[PDB]
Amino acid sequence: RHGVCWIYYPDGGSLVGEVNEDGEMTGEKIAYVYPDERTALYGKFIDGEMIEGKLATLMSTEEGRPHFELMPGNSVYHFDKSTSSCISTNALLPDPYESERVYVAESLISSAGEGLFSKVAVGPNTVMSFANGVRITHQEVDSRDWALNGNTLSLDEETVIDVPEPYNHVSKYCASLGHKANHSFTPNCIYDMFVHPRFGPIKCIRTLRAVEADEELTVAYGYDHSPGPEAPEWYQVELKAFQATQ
């Protein structure tokens, strides 16, 4: 009863702390621990919602209890789920886990603009980046031109996450960087569901295989190929070519 509870999400992140009398993750010393089991946001939570989490490192666990060291600076984070019109209350405050793992630079893919790259070598199944954005409906997205739908990502059957211009510029939005991954029919990453303590229910980019430092991260965009394909022209072209090599 003076013990510690760990609750893992399927994505591998967890909440950890002493639960209250009702069995809720509520207290001043609750933590969210990212999937590396090392990076943590440690502080005040109410029923598992982050009110004020300070950046920390999980240094060891003893008898199941985590022991944290706070990182320098006064890096604090709070639950801040996007709405249909607001992407983030701190658009320029990077996610600390993501910022150690990826960076944005010119893509190696011809004519594809910027892309997402690994900062370090990592193994398979590694969460690399987070896909956050404004939350709009499939009806809104499907009713408008492809020119407006470059950055849209389906979250589930009710919600599409979008990063509307000009938040597609890293100088205007860099809280998450997952929208920067380019498409490949032979990708090294996939989208997966992710429950984030700041962003809420979103998607992440996870590696399929080991990746080297400075390797471009790509995902299969997964547009419907036989509703020709409902897709931008650059994708339709690439699809034909891909089918050829097959």
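Each residue number is its position in the shown sequence, starting from 1.
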{"property": "Interresidue gap class [residue 227, residue 228; deposited sequence, unmodelled]", "result": "4 to 9"}
{"property": "Per the entry, higher mean C-alpha B factor between 36-44 and 210-218", "result": "210-218"}
{"property": "Greater mean Cα temperature factor according to the PDB record, 191-199 or 23-31", "result": "23-31"}
{"property": "From 142, 95, 162, 80, residue of greatest CA B-factor", "result": "142"}
{"property": "Selection by C-alpha B-factor (highest) of 88, 152, 110, 84", "result": "110"}
{"property": "Within-chain third of residue 238 by Cα B-factor, per the entry", "result": "highest"}
{"property": "Residue 130, C-alpha B-factor rank within chain (lowest, middle or highest third)", "result": "lowest"}
{"property": "CA B-factor placement of residue 5, once the chain's modelled residues are sorted into thirds", "result": "lowest"}
{"property": "Within-chain third of residue 186 by Cα B-factor, per the entry", "result": "highest"}
